[PDB]
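Student: just dropping in an experimental structure and the matching sequence.
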Amino acid sequence: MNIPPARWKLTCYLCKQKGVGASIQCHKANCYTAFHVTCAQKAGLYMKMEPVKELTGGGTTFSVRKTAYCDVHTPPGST
Ligand SMILES: [Zn+2]
Ligand SMILES: [Zn+2]
């Protein structure tokens, strides 16, 4: 049928399921690791947080772009 929602709820490896709250997909396109925001806070994994500021439309536009890697994504690529 004509389904307006297109929310591709990803599978959270820290769950083995999908839906419950919000999903976040880890960086690196050759990886794409999906989990929950609650899982990220729970593990305390690597999250880079870049704030973009703009004034588009004669005002202020704020977009935060978080670059996150899954917990088992940190060891691959030894810093
Ligand atoms: Zn989870
Ligand atoms: Zn990953």
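Tutor: That came through, no problem. Numbering: from 1, shown residues only. Ligands and ions are numbered 1, 2, ... in the order given.

Student: pick out the residue in this protein sitting closest to ligand 2.
Tutor: Residue nearest to ligand 2 within the chain (Cβ to the ion): residue 33, separated by 2.9 Å. Heads up, the C-betas are built off the backbone N, CA and C, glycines and all.

Student: contacts only, for that residue.
Tutor: Taking Cβ atoms under 8 Å, 6 or more residues apart in numbering, we find residue 33 in contact with 13, 25-26, 69-70, 72-73.

Student: could you list everything the residue nearest the centre of the chain pairs with in the sheet?
Tutor: Centroid check for the chain by Cα atoms, centre = their mean gives residue 24 as the closest residue, at 2.8 Å. Going by DSSP bridges, residue 24 is paired in beta bridges with residue 35.

Student: which residues of the chain lie near ligand 1?
Tutor: 12, 14-15, 36, 39 (Cβ under 5 Å from the ion).

Student: hmm, residue 53 is touching residue 64, no?
Tutor: No - counting by Cβ atoms under 8 Å, residue 53 stays clear of residue 64, with 9.9 Å between them.

Student: pretty sure residue 52 is touching residue 62, no?
Tutor: Yes - Residue 52 is in contact with residue 62 according to Cβ under 8 Å; the separation is 7.4 Å.

Student: CA atoms only: put stretch 20-34 into PDB for me.
Tutor: What follows is stretch 20-34, C-alpha atoms only, in PDB (Å, rounded to 0.1, in the frame of the first residue of the first chain):
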ATOM      1  CA  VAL A  20      12.300   0.600  21.400                       C
ATOM      2  CA  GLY A  21      13.500   4.200  21.100                       C
ATOM      3  CA  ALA A  22      16.100   5.700  18.800                       C
ATOM      4  CA  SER A  23      18.700   4.100  16.500                       C
ATOM      5  CA  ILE A  24      22.200   5.400  15.700                       C
ATOM      6  CA  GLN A  25      24.400   4.100  12.900                       C
ATOM      7  CA  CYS A  26      28.100   4.100  13.500                       C
ATOM      8  CA  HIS A  27      30.500   5.900  11.000                       C
ATOM      9  CA  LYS A  28      32.500   4.300   8.200                       C
ATOM     10  CA  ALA A  29      30.400   3.300   5.200                       C
ATOM     11  CA  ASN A  30      32.100  -0.100   5.000                       C
ATOM     12  CA  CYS A  31      31.000  -0.800   8.500                       C
ATOM     13  CA  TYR A  32      27.600   0.900   9.300                       C
ATOM     14  CA  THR A  33      27.000  -0.500  12.800                       C
ATOM     15  CA  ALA A  34      23.500   0.100  14.100                       C
END
